[PDB]
Amino acid sequence: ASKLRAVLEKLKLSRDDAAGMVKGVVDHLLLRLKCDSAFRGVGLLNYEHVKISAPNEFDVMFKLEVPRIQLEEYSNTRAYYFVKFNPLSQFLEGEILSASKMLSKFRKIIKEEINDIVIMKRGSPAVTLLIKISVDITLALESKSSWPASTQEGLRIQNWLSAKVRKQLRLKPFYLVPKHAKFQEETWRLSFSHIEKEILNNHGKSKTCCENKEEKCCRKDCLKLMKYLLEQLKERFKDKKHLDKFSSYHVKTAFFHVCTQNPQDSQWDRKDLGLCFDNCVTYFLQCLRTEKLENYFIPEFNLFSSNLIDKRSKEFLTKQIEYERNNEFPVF
Amino acid sequence: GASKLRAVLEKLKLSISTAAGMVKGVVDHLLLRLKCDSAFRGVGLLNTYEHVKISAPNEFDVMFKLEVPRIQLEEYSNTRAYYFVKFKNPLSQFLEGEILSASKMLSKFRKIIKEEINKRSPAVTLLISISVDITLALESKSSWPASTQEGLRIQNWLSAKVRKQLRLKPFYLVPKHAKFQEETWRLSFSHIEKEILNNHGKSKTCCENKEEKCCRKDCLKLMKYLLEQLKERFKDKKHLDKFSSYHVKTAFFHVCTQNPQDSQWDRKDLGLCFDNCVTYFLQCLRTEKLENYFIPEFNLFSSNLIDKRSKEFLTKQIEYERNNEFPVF
Ligand SMILES: Cc1nc2c3ccccc3nc(NNC(=O)CCC(=O)O)n2n1
Ligand SMILES: Cc1nc2c3ccccc3nc(NNC(=O)CCC(=O)O)n2n1
Ligand SMILES: [Zn+2]
Ligand SMILES: [Zn+2]
């Protein structure tokens, strides 16, 4: 209870100290990237830390609009797709867009451009930069078409953020990122990280949530706290590969489900940070035990399916988290 | 006494599928022949219809927006709402020196419209069989003028986050003579107004379920209908010649700012809510002060625009209506 705000205090102090040096490089990369006719409309999506415990690790996403796409779902995976349709003809491999070819010149253009003042050296997160500062550059195809049919009954936020917001969110473009599946080397996975940022910073039922003292939720604090919890446990057992396949996308997804089941702002009063976090920890454990964690936008996709993560990893993380929660979280 | 009001709302809602469908075929064709002329190439329709008179469902009004990239405005004679257009372009044919001619562009707009039909800010009125008013609007994706810096004060009602979203949207300029001065453009935020009306609650789920049914949208229609009815009952008296639905809509935006909580607009208290609406509007009429919601230093009820006799005439009329359970309904 009081220890959590202690943890939240030492986390916020890591933001008073490099993101300018990040902008100086990515703005130089984007210029020469726009010179190539294949990456003409390239631009930034939203710096963003995927790891809360790594304030020197940044993550960017370079978007590129592909006009008039038609997708083909790869073997009922509901998340991975082929790209049919043109300044991308050089990257064709038949009538599909080769995720391998298009990403190869992307790596090459970056490698050529970073040599003139950095050591770009590394899937979808194709290139990582070393500046004692890290940024990972992801290439994303933008499609202003309607969302795929696998996302029809996803983003169920009507009782929390309203249906007209859901309608407006679904009018936004969606993004595709080169992810291999099973590998099949030319598949692209859907991505709504732009929608997720819209949800976290516009998170209340009331429009004035977290804008005044009487309406101060504790959502963002709960997500930071369980994000930091997994990042810590991944570091404690890093040299043992137990928690290798768990990432922040899991805890962020479990957070979105808790936001829907607890739609009212009154259920997130900052006075109850302890119980709120304890309820967040419980739901995530319930997904570990029942081996079921739907993708928040693609509900037919189980992030915790037996094909992606084994039962032994879930049981181990369960034992770790349960031990932390019973001992006032010593890993913090 | 809300029994009569809900009867009026019942009759206004029972009013129109074939009307708008006839307009959509004509407006779409006009926008295509316009798109051929080099001057009006990037022209689209803003707010992709709007009944300026809530009681006249056979009359629509569209806003043909035209993207103007190079914009450097010159505020005219401290009006803070009328401006001159400088270009810091295909509209070169309509320049009067450095000033973009609202006169030459109008006569241009007048001409090409009348060609494809083979009546005269609302540049043209067309008559289908139902009439539609078409206005031309320059769109500027630049930051809003400094006269709007202290306007749109919704931070305690819709949140400051929403205010920042709104101000990042483009603003629109329409031709409007000012005094007259023949080549001025007036500011326009009707796109922002529409956003506020259909997204009116402090809660994002307002009027979306039985628990959160408000009466904001009901009070504005009743207010608009009250003015339009008194304007017809005294159309020959010529005293209400200058009162329009924009005055009612502006005053409604002030009472939403003044009453930001959704619980203050419950649908059970429609009676008191409408009574509190008309009282603020009468208070504006007596004190002769009604700030523009976006341009706060612009008084819509200044003595230079409307004379004191007109405000007192309308004041006595609304009070006589409010004192006798609104017989004009
Ligand atoms: C940013 C992002 N977007 C998605 C995503 C989108 C749709 C469906 C499943 C998805 N799963 C994951 N992560 N799953 C992992 O195990 C991480 C390692 C990896 O994927 O290589 N992410 N991460
Ligand atoms: C759609 C719209 N936009 C504005 C507007 C914008 C900025 C400043 C003043 C403004 N005044 C008005 N209405 N004025 C009247 O009601 C009198 C008659 C008239 O002005 O023609 N409107 N109406
Ligand atoms: Zn909040
Ligand atoms: Zn409402």
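Within the stretch B:23-39, track down each residue that is of a type in the set (A, V, I, L, M, F, W, C), surrounded by fewer than 13 Cβ atoms within 10 Å (Cβ to Cβ) and within 14 Å of B:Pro90 (Cα to Cα).
Filtering the stretch B:23-39 down to residues of a type in the set (A, V, I, L, M, F, W, C) leaves B:23, B:26-27, B:30-32, B:34, B:36, B:39.
Keeping just the survivors that are surrounded by fewer than 13 Cβ atoms within 10 Å (Cβ to Cβ) gives B:32, B:36.
Residue satisfying the conditions is B:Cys36 alone.
Go through B:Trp144, B:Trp185 for me and flag whichever is farther than 30 Å from B:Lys4 by Cα, aromatic (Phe, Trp, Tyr), surrounded by 15 or more Cβ atoms within 10 Å (Cβ to Cβ) and touching a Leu at 6+ places or on another chain (Cβ under 6 Å).
None of the others qualify; the one that does is B:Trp185.
Considering only the stretch B:229-242, I want to know if a residue exists there that is on the phi > 0 side of the Ramachandran plot and either within 14 Å of chain A (Cβ to nearest Cβ) or surrounded by fewer than 19 Cβ atoms within 10 Å (Cβ to Cβ) (or both).
Step one: list which residues in the stretch B:229-242 are on the phi > 0 side of the Ramachandran plot, which gives B:238.
Within this subset, residues satisfying the condition of being either within 14 Å of chain A (Cβ to nearest Cβ) or surrounded by fewer than 19 Cβ atoms within 10 Å (Cβ to Cβ) (or both) are B:238.
Within the stretch B:229-242 (the criterion being on the phi > 0 side of the Ramachandran plot and either within 14 Å of chain A (Cβ to nearest Cβ) or surrounded by fewer than 19 Cβ atoms within 10 Å (Cβ to Cβ) (or both)), the answer is yes, since at least one residue qualifies.
Only one of B:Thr257, B:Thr315, B:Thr279, B:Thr250 is within 16 Å of ligand 4 (Cβ to nearest atom) and in a helix (DSSP H, G or I); which?
Testing whether each residue is within 16 Å of ligand 4 (Cβ to nearest atom) and in a helix (DSSP H, G or I) leaves just B:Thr257.
B:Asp218 versus (1) touching a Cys at 6+ places or on another chain (Cβ under 6 Å); (2) under 25 Å from B:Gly151 (Cα atoms); (3) of a type in the set (D, E, K, R): which is the lone unmet condition?
(1)
Is there a residue being over 21 Å from B:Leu31 (Cβ atoms), aliphatic (A, V, I, L, M) and within 24 Å of the chain's Cα centre (by Cα) anywhere in the stretch B:66-76? Steps first, please.
To start, the set of residues in the stretch B:66-76 that are over 21 Å from B:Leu31 (Cβ atoms) comprises B:70-76.
Remaining after also requiring aliphatic (A, V, I, L, M): B:71, B:73.
Subsequent filtering for residues that are within 24 Å of the chain's Cα centre (by Cα) retains B:71, B:73.
Yes, there is a match, as at least one residue in the stretch B:66-76 is over 21 Å from B:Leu31 (Cβ atoms), aliphatic (A, V, I, L, M) and within 24 Å of the chain's Cα centre (by Cα).
A:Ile157 passes all but one of (1) of a type in the set (A, V, I, L, M, F, W, C); (2) in the same structural domain as A:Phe106 (by CATH); (3) within 16 Å of ligand 3 (Cβ to nearest atom); which number fails?
Every condition holds for A:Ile157 apart from (2).
Which of (1) of a type outside the set (D, E, K, R); (2) farther than 23 Å from A:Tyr296 by Cα; (3) within 16 Å of ligand 4 (Cβ to nearest atom) does A:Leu273 not meet, given it meets every other one?
(3)
Any chance the stretch B:202-222 includes a residue that's within 16 Å of ligand 4 (Cβ to nearest atom), aliphatic (A, V, I, L, M), closer than 30 Å to B:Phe64 by Cβ and surrounded by fewer than 16 Cβ atoms within 10 Å (Cβ to Cβ)? Give the steps one after another, and end with the answer.
To start, the set of residues in the stretch B:202-222 that are within 16 Å of ligand 4 (Cβ to nearest atom) comprises B:202-222.
Restricting the remaining residues to those that are aliphatic (A, V, I, L, M) gives B:220, B:222.
Add one more test, that the residue is closer than 30 Å to B:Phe64 by Cβ, and what stays is B:220.
Subset that is surrounded by fewer than 16 Cβ atoms within 10 Å (Cβ to Cβ): none.
No: zero hits.
Do you know which residues across the stretch A:158-178 are surrounded by 19 or more Cβ atoms within 10 Å (Cβ to Cβ) and more than 14 Å from chain B (Cβ to nearest Cβ)?
Of everything in the stretch A:158-178, those that are surrounded by 19 or more Cβ atoms within 10 Å (Cβ to Cβ) and more than 14 Å from chain B (Cβ to nearest Cβ) turn out to be A:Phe174, A:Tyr175, A:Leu176, A:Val177, A:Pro178.
Could you please give the count of residues in the stretch B:238-295 that are over 29 Å from B:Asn209 (Cα atoms), of a type in the set (A, V, I, L, M) and within 16 Å of ligand 2 (Cβ to nearest atom)?
Qualifying residue count for the region: 4.
Just need a number here: residues in the stretch B:190-203 that are farther than 19 Å from B:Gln258 by Cα and facing chain A (nearest Cβ under 8 Å).
Selection size over the stretch B:190-203: 0.
For the subset of the stretch B:170-201 comprising residues that are farther than 15 Å from B:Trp157 by Cβ and of a type in the set (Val, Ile, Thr), which member is nearest to ligand 4 (Cβ to nearest atom)?
B:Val174
Among the numbered conditions (1) under 24 Å from A:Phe174 (Cα atoms); (2) within 13 Å of another protein chain (Cβ to nearest Cβ); (3) polar (S, T, N, Q), tell me where A:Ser247 comes up short.
(2)
Out of all the residues in the stretch A:79-99, which are farther than 15 Å from A:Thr187 by Cα and surrounded by fewer than 17 Cβ atoms within 10 Å (Cβ to Cβ)?
Passing the criteria: A:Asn86, A:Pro87, A:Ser89, A:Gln90.
Any idea which residue in the stretch B:60-78 is farthest from B:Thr184 (Cα to Cα), counting only those that are among the aromatic types (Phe, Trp, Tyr) and outside any loop (DSSP other than H, G, I, E, B)?
Step one: list which residues in the stretch B:60-78 are among the aromatic types (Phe, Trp, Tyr), which gives B:60, B:64, B:76.
Those still in the list that are outside any loop (DSSP other than H, G, I, E, B) too: B:60, B:64.
Working: B:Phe60: 25, B:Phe64: 18 Å.
Residue satisfying both the conditions and the ranking: B:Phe60.
Any residue in the stretch A:100-117 that is away from chain B (no Cβ under 14 Å), surrounded by 16 or more Cβ atoms within 10 Å (Cβ to Cβ) and assigned to a loop (DSSP other than H, G, I, E, B)?
Scanning the stretch A:100-117, I find no residue that is away from chain B (no Cβ under 14 Å), surrounded by 16 or more Cβ atoms within 10 Å (Cβ to Cβ) and assigned to a loop (DSSP other than H, G, I, E, B), so the answer is no.
Neighbour counts are summed over all protein chains in view; Cβ atoms, including those assigned to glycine, are modelled from backbone coordinates with ideal geometry. The values are calculated or read from the model by the stated rules, or taken from the named source; none is laboratory data.
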